[PDB]
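Structure file entry-v7.txt (compact mmCIF, C-alpha atoms) is printed below.
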# COMPACT_ATOMS: atom_id res chain seq x y z
CA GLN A 1 6.28 -18.33 20.69
CA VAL A 2 7.53 -21.78 19.70
CA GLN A 3 7.66 -22.74 16.03
CA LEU A 4 9.53 -25.54 14.26
CA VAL A 5 10.37 -24.90 10.60
CA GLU A 6 11.34 -27.98 8.60
CA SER A 7 13.34 -27.77 5.36
CA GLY A 8 15.97 -29.66 3.42
CA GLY A 9 13.80 -32.42 1.97
CA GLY A 10 13.78 -33.54 -1.63
CA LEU A 11 13.61 -36.25 -4.26
CA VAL A 12 16.44 -38.78 -4.36
CA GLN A 13 16.89 -42.34 -5.59
CA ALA A 14 17.95 -45.51 -3.77
CA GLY A 15 21.35 -45.10 -2.16
CA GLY A 16 21.01 -41.32 -2.03
CA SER A 17 21.84 -38.81 0.68
CA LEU A 18 20.30 -35.62 2.02
CA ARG A 19 20.59 -33.10 4.86
CA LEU A 20 17.41 -31.98 6.59
CA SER A 21 16.90 -29.02 8.91
CA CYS A 22 14.48 -28.02 11.65
CA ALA A 23 14.63 -24.27 12.21
CA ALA A 24 13.36 -23.48 15.70
CA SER A 25 12.19 -20.34 17.48
CA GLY A 26 11.46 -19.36 21.06
CA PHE A 27 13.80 -21.69 22.98
CA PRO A 28 17.50 -22.51 23.22
CA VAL A 29 18.16 -26.14 22.25
CA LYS A 30 20.49 -26.65 25.23
CA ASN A 31 17.65 -26.85 27.74
CA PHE A 32 15.21 -29.39 26.29
CA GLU A 33 15.05 -32.68 24.42
CA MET A 34 14.36 -32.64 20.68
CA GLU A 35 13.01 -35.51 18.59
CA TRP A 36 12.48 -36.38 14.94
CA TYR A 37 9.32 -38.08 13.70
CA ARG A 38 8.24 -39.21 10.26
CA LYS A 39 4.94 -40.19 8.65
CA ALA A 40 5.00 -42.38 5.59
CA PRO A 41 2.04 -42.25 3.17
CA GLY A 42 -0.30 -45.06 4.15
CA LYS A 43 1.54 -45.58 7.46
CA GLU A 44 1.14 -44.00 10.88
CA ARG A 45 3.54 -41.49 12.41
CA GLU A 46 6.75 -43.12 13.65
CA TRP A 47 9.66 -41.89 15.77
CA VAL A 48 13.04 -41.35 14.11
CA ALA A 49 15.59 -39.87 16.49
CA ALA A 50 16.37 -37.82 19.60
CA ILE A 51 19.12 -35.75 21.20
CA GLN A 52 18.93 -35.36 24.97
CA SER A 53 19.09 -32.06 26.85
CA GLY A 54 22.70 -32.56 27.93
CA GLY A 55 23.74 -33.04 24.30
CA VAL A 56 25.54 -36.34 24.89
CA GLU A 57 23.37 -39.35 24.00
CA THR A 58 21.28 -39.91 20.87
CA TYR A 59 18.85 -42.67 19.95
CA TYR A 60 17.16 -44.13 16.88
CA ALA A 61 14.48 -46.67 16.03
CA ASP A 62 15.43 -50.21 14.96
CA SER A 63 15.16 -49.51 11.25
CA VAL A 64 17.38 -46.41 11.51
CA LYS A 65 20.12 -47.24 14.03
CA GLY A 66 23.60 -46.54 12.69
CA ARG A 67 22.64 -45.33 9.21
CA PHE A 68 21.60 -41.75 10.02
CA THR A 69 23.32 -39.00 12.02
CA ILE A 70 21.40 -36.38 14.00
CA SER A 71 23.23 -33.23 15.08
CA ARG A 72 22.43 -29.97 16.82
CA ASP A 73 23.58 -26.45 15.99
CA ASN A 74 23.42 -24.35 19.14
CA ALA A 75 24.08 -20.85 17.80
CA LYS A 76 21.81 -21.30 14.77
CA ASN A 77 18.90 -22.67 16.94
CA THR A 78 18.34 -25.32 14.27
CA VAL A 79 18.48 -29.11 14.58
CA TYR A 80 19.64 -31.08 11.55
CA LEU A 81 19.70 -34.76 10.72
CA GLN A 82 21.82 -36.39 8.03
CA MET A 83 20.37 -38.85 5.52
CA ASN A 84 22.72 -41.55 4.25
CA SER A 85 22.04 -44.87 2.44
CA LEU A 86 18.49 -43.94 1.54
CA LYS A 87 16.20 -46.91 1.11
CA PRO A 88 12.74 -46.32 -0.43
CA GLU A 89 11.26 -47.15 3.01
CA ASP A 90 12.33 -43.61 4.10
CA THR A 91 9.68 -42.02 1.84
CA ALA A 92 7.91 -39.90 4.46
CA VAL A 93 7.01 -36.43 5.71
CA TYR A 94 9.59 -35.70 8.40
CA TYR A 95 8.56 -33.78 11.51
CA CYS A 96 10.92 -32.49 14.14
CA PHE A 97 9.44 -32.64 17.60
CA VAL A 98 10.26 -30.85 20.87
CA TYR A 99 8.86 -30.69 24.41
CA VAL A 100 9.07 -27.05 25.54
CA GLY A 101 6.16 -26.61 27.95
CA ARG A 102 3.68 -27.84 25.38
CA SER A 103 4.84 -30.34 22.79
CA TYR A 104 4.71 -28.83 19.31
CA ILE A 105 4.43 -30.13 15.73
CA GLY A 106 5.93 -28.62 12.59
CA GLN A 107 4.41 -28.87 9.13
CA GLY A 108 7.26 -31.08 7.95
CA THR A 109 9.24 -31.51 4.74
CA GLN A 110 9.00 -34.16 2.03
CA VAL A 111 11.63 -36.80 1.31
CA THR A 112 10.91 -39.17 -1.58
CA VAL A 113 13.31 -42.02 -2.32
CA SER A 114 12.71 -43.59 -5.73
CA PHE B 497 0.64 -8.50 -19.83
CA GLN B 498 -1.76 -7.33 -22.63
CA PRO B 499 -5.24 -5.80 -22.06
CA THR B 500 -6.92 -8.57 -24.08
CA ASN B 501 -5.51 -11.20 -21.72
CA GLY B 502 -7.80 -13.14 -19.41
CA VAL B 503 -8.01 -12.96 -15.64
CA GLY B 504 -5.60 -15.90 -15.38
CA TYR B 505 -3.06 -14.19 -17.62
CA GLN B 506 -3.36 -10.66 -16.20
CA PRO B 507 -1.31 -10.27 -12.99
CA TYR B 508 -2.76 -10.96 -9.59
CA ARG B 509 -0.89 -8.39 -7.51
CA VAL B 510 0.70 -10.16 -4.52
CA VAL B 511 1.89 -8.65 -1.26
CA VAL B 512 3.54 -10.81 1.37
CA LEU B 513 3.18 -9.46 4.91
CA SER B 514 5.81 -11.83 6.29
CA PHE B 515 5.85 -13.05 9.89
CA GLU B 516 8.81 -14.67 11.62
CA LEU B 517 9.69 -15.30 15.28
CA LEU B 518 13.06 -13.76 16.18
CA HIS B 519 14.39 -11.68 19.09
CA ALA B 520 13.19 -8.28 17.88
CA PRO B 521 10.74 -5.78 19.42
CA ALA B 522 7.22 -5.59 18.03
CA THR B 523 6.74 -2.62 15.70
CA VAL B 524 3.73 -3.04 13.37
CA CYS B 525 0.47 -4.73 14.36
CA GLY B 526 -3.17 -4.39 13.49
CA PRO B 527 -5.53 -1.94 15.19
CA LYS B 528 -7.45 -2.25 18.46
CA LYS B 529 -11.18 -1.63 18.73
CA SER B 530 -12.97 0.14 21.59
CA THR B 531 -16.65 0.10 22.56
CA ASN B 532 -18.93 2.98 23.57
CA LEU B 533 -19.16 4.34 27.11
CA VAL B 534 -22.24 4.79 29.26
CA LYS B 535 -22.43 7.25 32.13
CA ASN B 536 -24.02 7.17 35.61
CA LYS B 537 -23.48 3.43 35.99
CA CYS B 538 -21.17 1.10 37.91
CA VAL B 539 -19.11 -0.27 35.04
CA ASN B 540 -15.62 -1.65 34.60
CA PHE B 541 -13.53 0.64 32.43
CA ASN B 542 -10.32 -0.05 30.53
CA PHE B 543 -8.53 3.05 29.26
CA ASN B 544 -5.16 3.21 27.49
CA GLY B 545 -3.06 1.54 30.18
CA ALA C 348 -2.14 -49.28 29.94
CA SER C 349 -1.37 -46.12 28.00
CA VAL C 350 -1.98 -42.83 29.73
CA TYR C 351 -5.01 -41.51 27.86
CA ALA C 352 -6.88 -44.50 29.32
CA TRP C 353 -4.68 -45.12 32.38
CA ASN C 354 -5.81 -47.91 34.68
CA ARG C 355 -6.96 -47.19 38.22
CA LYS C 356 -6.93 -50.45 40.21
CA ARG C 357 -8.37 -49.86 43.67
CA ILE C 358 -7.29 -52.32 46.37
CA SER C 359 -9.50 -53.12 49.33
CA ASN C 360 -10.01 -55.42 52.32
CA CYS C 361 -6.56 -56.93 52.75
CA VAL C 362 -3.20 -56.42 54.50
CA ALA C 363 -0.29 -54.88 52.60
CA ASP C 364 3.28 -54.75 53.90
CA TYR C 365 4.95 -51.82 52.18
CA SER C 366 8.33 -52.63 53.75
CA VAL C 367 8.96 -55.33 51.11
CA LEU C 368 8.03 -52.83 48.40
CA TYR C 369 10.20 -50.27 50.18
CA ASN C 370 13.23 -52.59 50.29
CA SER C 371 13.04 -53.83 46.68
CA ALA C 372 16.04 -52.52 44.75
CA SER C 373 14.57 -52.95 41.25
CA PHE C 374 12.93 -49.51 41.55
CA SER C 375 14.64 -46.20 40.86
CA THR C 376 12.41 -43.54 42.44
CA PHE C 377 10.83 -43.41 45.90
CA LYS C 378 9.15 -40.00 45.92
CA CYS C 379 6.27 -39.85 48.39
CA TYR C 380 4.12 -37.15 50.01
CA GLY C 381 1.93 -37.98 53.02
CA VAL C 382 3.28 -39.78 56.14
CA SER C 383 6.65 -41.57 56.42
CA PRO C 384 7.56 -44.68 54.36
CA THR C 385 9.30 -46.04 57.45
CA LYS C 386 5.87 -45.87 59.12
CA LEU C 387 3.88 -47.04 56.07
CA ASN C 388 3.92 -50.35 57.96
CA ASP C 389 2.48 -48.50 60.97
CA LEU C 390 -0.75 -46.86 59.77
CA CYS C 391 -4.13 -48.02 58.59
CA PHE C 392 -5.98 -46.73 55.51
CA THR C 393 -9.48 -46.80 54.07
CA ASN C 394 -8.94 -46.81 50.29
CA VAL C 395 -5.96 -47.23 47.98
CA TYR C 396 -6.78 -46.41 44.28
CA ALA C 397 -3.54 -47.82 42.85
CA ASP C 398 -2.50 -46.89 39.30
CA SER C 399 -0.65 -48.52 36.40
CA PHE C 400 0.68 -46.70 33.31
CA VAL C 401 3.79 -46.34 31.12
CA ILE C 402 5.43 -43.01 30.23
CA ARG C 403 8.63 -41.57 28.79
CA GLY C 404 11.84 -41.22 30.75
CA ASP C 405 11.51 -37.43 30.85
CA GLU C 406 8.04 -37.37 32.46
CA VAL C 407 9.37 -38.56 35.83
CA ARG C 408 9.36 -34.86 36.79
CA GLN C 409 5.66 -34.62 35.81
CA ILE C 410 4.55 -36.84 38.73
CA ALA C 411 4.28 -33.95 41.24
CA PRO C 412 1.55 -31.39 42.13
CA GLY C 413 0.96 -28.61 39.61
CA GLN C 414 3.37 -29.72 36.90
CA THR C 415 3.53 -28.59 33.28
CA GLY C 416 3.17 -30.73 30.20
CA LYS C 417 0.39 -32.11 28.01
CA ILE C 418 0.16 -35.23 30.19
CA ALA C 419 -0.08 -33.06 33.32
CA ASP C 420 -2.21 -30.23 31.96
CA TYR C 421 -4.28 -32.25 29.47
CA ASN C 422 -4.22 -36.01 30.16
CA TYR C 423 -3.28 -37.07 33.70
CA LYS C 424 -3.40 -34.53 36.52
CA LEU C 425 -2.44 -35.05 40.18
CA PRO C 426 -4.02 -32.81 42.85
CA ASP C 427 -2.18 -29.91 44.45
CA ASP C 428 -2.79 -31.69 47.77
CA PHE C 429 -1.75 -35.09 46.41
CA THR C 430 -1.12 -37.68 49.13
CA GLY C 431 0.49 -41.01 48.26
CA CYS C 432 3.58 -42.74 46.93
CA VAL C 433 4.78 -43.10 43.35
CA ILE C 434 6.90 -46.14 42.53
CA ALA C 435 8.64 -46.44 39.18
CA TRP C 436 11.28 -48.45 37.36
CA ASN C 437 12.67 -48.54 33.83
CA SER C 438 11.06 -50.97 31.40
CA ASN C 439 13.26 -50.82 28.29
CA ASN C 440 13.60 -54.63 28.45
CA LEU C 441 9.79 -55.00 28.61
CA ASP C 442 8.10 -52.52 26.25
CA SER D 943 -31.03 -8.52 81.97
CA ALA D 944 -30.33 -6.81 85.30
CA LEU D 945 -26.79 -8.19 85.71
CA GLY D 946 -25.47 -7.68 82.18
CA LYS D 947 -22.28 -5.88 83.16
CA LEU D 948 -21.29 -8.90 85.20
CA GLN D 949 -22.48 -11.28 82.50
CA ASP D 950 -20.55 -9.82 79.57
CA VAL D 951 -17.13 -10.31 81.21
CA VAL D 952 -17.69 -14.04 81.72
CA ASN D 953 -19.33 -14.34 78.28
CA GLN D 954 -16.43 -12.49 76.62
CA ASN D 955 -13.81 -14.64 78.33
CA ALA D 956 -15.76 -17.76 77.34
CA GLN D 957 -15.93 -16.50 73.73
CA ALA D 958 -12.20 -15.70 73.87
CA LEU D 959 -11.33 -19.18 75.13
CA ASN D 960 -13.70 -20.75 72.58
CA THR D 961 -12.03 -18.68 69.86
CA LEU D 962 -8.61 -19.70 71.21
CA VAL D 963 -9.30 -23.45 71.14
CA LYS D 964 -11.03 -23.36 67.72
CA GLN D 965 -7.77 -22.13 66.15
CA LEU D 966 -6.43 -25.68 66.35
CA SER D 967 -8.74 -27.02 63.67
CA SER D 968 -6.98 -25.09 60.91
CA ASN D 969 -4.48 -26.03 58.23
CA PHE D 970 -2.30 -22.85 58.37
CA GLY D 971 -1.21 -23.19 54.73
CA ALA D 972 0.19 -26.72 55.06
CA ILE D 973 -1.20 -29.88 53.46
CA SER D 974 -2.85 -31.27 56.60
CA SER D 975 -3.78 -30.00 60.05
CA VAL D 976 -2.16 -32.96 61.85
CA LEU D 977 1.65 -33.03 62.03
CA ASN D 978 2.73 -36.32 60.52
CA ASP D 979 0.72 -36.10 57.27
CA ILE D 980 2.43 -32.76 56.69
CA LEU D 981 5.97 -33.84 57.60
CA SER D 982 7.06 -37.28 57.21
CA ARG D 983 6.70 -38.82 53.71
CA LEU D 984 7.72 -35.38 52.48
CA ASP D 985 11.43 -34.71 52.71
CA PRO D 986 12.43 -33.17 56.10
CA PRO D 987 14.54 -30.40 54.45
CA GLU D 988 11.29 -29.25 52.72
CA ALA D 989 8.53 -30.02 55.28
CA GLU D 990 9.83 -27.79 58.11
CA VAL D 991 8.71 -24.68 56.20
CA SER E 943 -3.43 25.59 69.66
CA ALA E 944 -5.96 25.43 72.51
CA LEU E 945 -7.86 22.59 70.80
CA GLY E 946 -4.95 20.20 70.32
CA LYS E 947 -6.38 17.69 72.80
CA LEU E 948 -9.21 16.90 70.41
CA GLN E 949 -7.16 17.30 67.24
CA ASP E 950 -4.52 14.74 68.24
CA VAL E 951 -7.13 11.97 68.46
CA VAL E 952 -8.45 12.61 64.94
CA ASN E 953 -4.88 13.02 63.69
CA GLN E 954 -3.85 9.73 65.31
CA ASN E 955 -6.83 7.87 63.85
CA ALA E 956 -6.19 9.24 60.37
CA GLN E 957 -2.51 8.42 60.93
CA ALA E 958 -3.37 4.83 61.89
CA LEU E 959 -5.66 4.38 58.86
CA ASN E 960 -3.13 5.99 56.52
CA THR E 961 -0.44 3.71 57.88
CA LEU E 962 -2.59 0.64 57.19
CA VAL E 963 -3.32 1.88 53.67
CA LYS E 964 0.43 2.00 52.98
CA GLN E 965 0.92 -1.70 53.62
CA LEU E 966 -1.29 -2.48 50.67
CA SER E 967 1.77 -1.66 48.54
CA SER E 968 4.21 -3.85 50.46
CA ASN E 969 5.89 -6.77 48.74
CA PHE E 970 6.99 -8.27 52.12
CA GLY E 971 9.85 -10.04 50.30
CA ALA E 972 7.67 -11.76 47.68
CA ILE E 973 8.09 -11.60 43.90
CA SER E 974 5.28 -9.13 43.26
CA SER E 975 3.11 -6.78 45.30
CA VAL E 976 0.26 -7.13 42.78
CA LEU E 977 -1.56 -10.47 42.75
CA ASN E 978 -2.19 -10.19 39.00
CA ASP E 979 1.57 -10.38 38.44
CA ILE E 980 1.57 -13.29 40.90
CA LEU E 981 -1.03 -15.25 38.91
CA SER E 982 0.28 -14.17 35.51
CA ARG E 983 4.01 -14.90 35.45
CA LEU E 984 4.46 -17.67 38.02
CA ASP E 985 2.86 -21.15 38.43
CA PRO E 986 -0.21 -21.71 40.71
CA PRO E 987 0.96 -24.01 43.58
CA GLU E 988 4.17 -22.02 44.11
CA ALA E 989 2.21 -18.77 44.00
CA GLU E 990 0.92 -20.24 47.28
CA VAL E 991 4.19 -19.17 48.95
Can the structure in the file be given as structure tokens, please?
Amino acid sequence: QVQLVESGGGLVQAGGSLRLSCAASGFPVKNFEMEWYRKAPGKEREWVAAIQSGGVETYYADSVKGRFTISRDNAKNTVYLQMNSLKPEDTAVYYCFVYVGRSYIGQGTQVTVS
Amino acid sequence: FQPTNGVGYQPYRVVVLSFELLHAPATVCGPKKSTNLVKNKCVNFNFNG
Amino acid sequence: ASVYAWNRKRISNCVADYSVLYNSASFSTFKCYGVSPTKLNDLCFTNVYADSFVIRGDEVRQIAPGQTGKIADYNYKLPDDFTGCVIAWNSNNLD
Amino acid sequence: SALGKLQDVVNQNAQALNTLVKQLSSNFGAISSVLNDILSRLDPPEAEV
Amino acid sequence: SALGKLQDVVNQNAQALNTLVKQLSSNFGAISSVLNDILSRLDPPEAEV
């Protein structure tokens, strides 16, 4: 019933920009909290972002506060996040994450900064 | 696509039975099996509905 | 502790005044189930089994009987006839 | 067993009173069978049901 | 019609039994009259109600 479909990744260099997507099925995004996670190669899975269920307040981890912009699209049922000022530390597989009854994991998309 | 091509060069015929999750009614599935019946025995039965 | 190996710390053979813990304003939630917190100073128990764990901000709703969620259904389940208090406060300045 | 039709009246009223009193060791769908453990740490708009 | 004084007893007993059969299909103000729909769609400790 619930599936998260990641896209929008790619290969950029240092100082690049990108626009990811997380296509979602089975739930409106107005009712639950969504999150973004990433997993670098050789590193464990780390949290990236969140938008709350009211749609007002967003958060980020300490490496990614202020540089990225996460947004929701309500009619599309897809949650994006904007990449700007891409350091090579952001080389990871990016997973969008949601708690709708059971918490569910997408297969992710690849962003390489080099 | 020549007849003296190899199995890597000759076409593997691909069909994609796509699956998505959108607000649409279910139309095409796979089949449903059904076992044999015995008679003169207290058994639970499940007919079509 | 984290909640896959959440710590049960049972307390025994002492006197606890829950009016001080009731009147502390550093806590946010005071949801309780058995018999009144204004008479928690008035009764007399046999065993405590106090807990200590750290969760998200959204799993405050999960600390109730028969909830949904992978903590509630898979990791840390409360009984349907759960009897006791939960006390909680935000720890953004600690964790 | 000569006086059974006098005995069964007293035995039935004793079994009725025994059945009447034994109803008060039952939970009746609440959490407890004693009043305060049902009511009072629970919120009084939702314990009166 | 001479034998109505025996027929009314059997008719009243079948009437009483066939009344009590018809409250098997009574919702009584719940969500569902079938307990399978009770267990299937809605959550266990509020299926208590």
For stretch 972-986 of chain D: contacts at 7 Å, only C-alpha atoms, fewer than 6 positions along chain excluded, given as a list in words: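 Neighbouring residues, sequence-local ones excluded: residues 379, 380, 381, 382, 383, 384 and 428 of chain C.
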For chain D, work out the contacting residues on chain E at 12 Å, counting all atoms listed in the file, and write them as a list in words.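 The contacting residues on chain E are residues 987, 988, 990 and 991 of chain E.
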Fitted copy of chain E on chain D, all Cα, as a PDB file with C-alpha atoms, keeping the file's coordinate frame:
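Okay, this is what ended up in selection.pdb:
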ATOM      1  CA  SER E 943     -31.191  -9.503  82.356  1.00  0.00           C
ATOM      2  CA  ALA E 944     -30.148  -7.267  85.265  1.00  0.00           C
ATOM      3  CA  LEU E 945     -26.832  -9.128  85.640  1.00  0.00           C
ATOM      4  CA  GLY E 946     -25.606  -8.780  82.064  1.00  0.00           C
ATOM      5  CA  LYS E 947     -22.745  -6.486  83.087  1.00  0.00           C
ATOM      6  CA  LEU E 948     -21.029  -9.367  84.849  1.00  0.00           C
ATOM      7  CA  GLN E 949     -22.131 -12.037  82.386  1.00  0.00           C
ATOM      8  CA  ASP E 950     -20.645 -10.295  79.339  1.00  0.00           C
ATOM      9  CA  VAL E 951     -17.139 -10.437  80.830  1.00  0.00           C
ATOM     10  CA  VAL E 952     -17.295 -14.198  81.441  1.00  0.00           C
ATOM     11  CA  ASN E 953     -18.927 -14.670  78.037  1.00  0.00           C
ATOM     12  CA  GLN E 954     -16.194 -12.619  76.353  1.00  0.00           C
ATOM     13  CA  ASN E 955     -13.420 -14.546  78.103  1.00  0.00           C
ATOM     14  CA  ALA E 956     -14.942 -17.898  77.184  1.00  0.00           C
ATOM     15  CA  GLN E 957     -15.451 -16.491  73.678  1.00  0.00           C
ATOM     16  CA  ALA E 958     -11.782 -15.470  73.465  1.00  0.00           C
ATOM     17  CA  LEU E 959     -10.576 -18.882  74.703  1.00  0.00           C
ATOM     18  CA  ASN E 960     -12.976 -20.732  72.404  1.00  0.00           C
ATOM     19  CA  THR E 961     -11.768 -18.650  69.489  1.00  0.00           C
ATOM     20  CA  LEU E 962      -8.145 -19.555  70.249  1.00  0.00           C
ATOM     21  CA  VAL E 963      -9.069 -23.233  70.526  1.00  0.00           C
ATOM     22  CA  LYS E 964     -10.489 -23.100  66.987  1.00  0.00           C
ATOM     23  CA  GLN E 965      -7.188 -22.088  65.432  1.00  0.00           C
ATOM     24  CA  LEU E 966      -5.700 -25.380  66.503  1.00  0.00           C
ATOM     25  CA  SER E 967      -7.543 -26.850  63.501  1.00  0.00           C
ATOM     26  CA  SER E 968      -6.330 -24.285  60.974  1.00  0.00           C
ATOM     27  CA  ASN E 969      -4.185 -25.371  58.054  1.00  0.00           C
ATOM     28  CA  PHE E 970      -3.147 -21.729  57.320  1.00  0.00           C
ATOM     29  CA  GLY E 971      -2.490 -22.744  53.692  1.00  0.00           C
ATOM     30  CA  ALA E 972      -0.130 -25.636  54.493  1.00  0.00           C
ATOM     31  CA  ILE E 973      -0.442 -29.236  53.294  1.00  0.00           C
ATOM     32  CA  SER E 974      -1.783 -30.657  56.548  1.00  0.00           C
ATOM     33  CA  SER E 975      -3.223 -29.322  59.795  1.00  0.00           C
ATOM     34  CA  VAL E 976      -1.914 -32.367  61.695  1.00  0.00           C
ATOM     35  CA  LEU E 977       1.851 -32.537  62.214  1.00  0.00           C
ATOM     36  CA  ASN E 978       1.791 -36.344  62.021  1.00  0.00           C
ATOM     37  CA  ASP E 979       0.659 -36.058  58.398  1.00  0.00           C
ATOM     38  CA  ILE E 980       3.398 -33.443  57.976  1.00  0.00           C
ATOM     39  CA  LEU E 981       6.131 -35.795  59.224  1.00  0.00           C
ATOM     40  CA  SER E 982       4.648 -38.901  57.614  1.00  0.00           C
ATOM     41  CA  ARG E 983       4.035 -38.094  53.950  1.00  0.00           C
ATOM     42  CA  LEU E 984       6.486 -35.284  53.191  1.00  0.00           C
ATOM     43  CA  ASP E 985      10.307 -34.967  53.563  1.00  0.00           C
ATOM     44  CA  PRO E 986      11.910 -33.373  56.697  1.00  0.00           C
ATOM     45  CA  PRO E 987      13.671 -30.150  55.510  1.00  0.00           C
ATOM     46  CA  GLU E 988      10.691 -29.089  53.380  1.00  0.00           C
ATOM     47  CA  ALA E 989       8.326 -29.869  56.246  1.00  0.00           C
ATOM     48  CA  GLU E 990      10.167 -26.846  57.678  1.00  0.00           C
ATOM     49  CA  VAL E 991       8.033 -24.592  55.443  1.00  0.00           C
TER      50      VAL E 991
END
Which residues, written as number ranges by chain, have at least one atom at most 9 Å from stretch 52-60 of chain A, with all atoms listed in the file counted and residues fewer than 5 positions away on the same chain left out? A: 29-35, 47, 65-66, 68, 70, 72
Within 9 Å of chain E: each chain C residue with its shortest pair, all atoms listed in the file, as a tab-separated table:
residue	atom	partner	partner_atom	distance
C:412	CA	E:987	CA	7.5
C:413	CA	E:987	CA	6.1
C:414	CA	E:985	CA	8.7
C:427	CA	E:987	CA	6.7
Pick out the residues sitting within 12 Å of residue C:439, and hand them over as a count of residues only; count only C-alpha atoms, and ignore anything fewer than 5 positions along from it in its own chain. 4
Quick one: pull the distance between atom CA of residue C:421 and atom CA of residue C:408, Å, one decimal. 15.7 Å
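You will find atom CA of residue E:950 at 19.5 Å from atom CA of residue E:963.
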Give me the residues within 12 Å of residue B:516 as a PyMOL selection string, counting all atoms listed in the file and dropping any in the same chain fewer than 6 places off. (chain A and resi 1-5+23-26) or (chain B and resi 522)
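Residues near the point (-8.0, -53.8, 46.9), at a distance of 8 Å or less over only C-alpha atoms, make up residues 356, 357, 358, 359, 360, 361, 394, 395 and 396 of chain C.
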As a PyMOL selection string, could you give me every residue of chain B near chain A (at most 9 Å apart, counting only C-alpha atoms)? chain B and resi 516-519
Selection export as a CSV table (one decimal), in the coordinates of the input, atoms kept: C-alpha atoms:
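The resulting file, result_27.csv, is shown below:
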chain,number,residue,atom,x,y,z
B,516,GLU,CA,8.8,-14.7,11.6
B,517,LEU,CA,9.7,-15.3,15.3
B,518,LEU,CA,13.1,-13.8,16.2
B,519,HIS,CA,14.4,-11.7,19.1
Can you tell me how far atom CA of residue E:989 sits from atom CA of residue C:415, in Å to one decimal? 14.6 Å
Got a sec: who's within 8 Å of stretch 101-111 of chain A, counting all atoms listed in the file, leaving out chain neighbours fewer than 2 positions off, as a PyMOL selection string? (chain A and resi 2-12+90-99+113) or (chain C and resi 415-417)
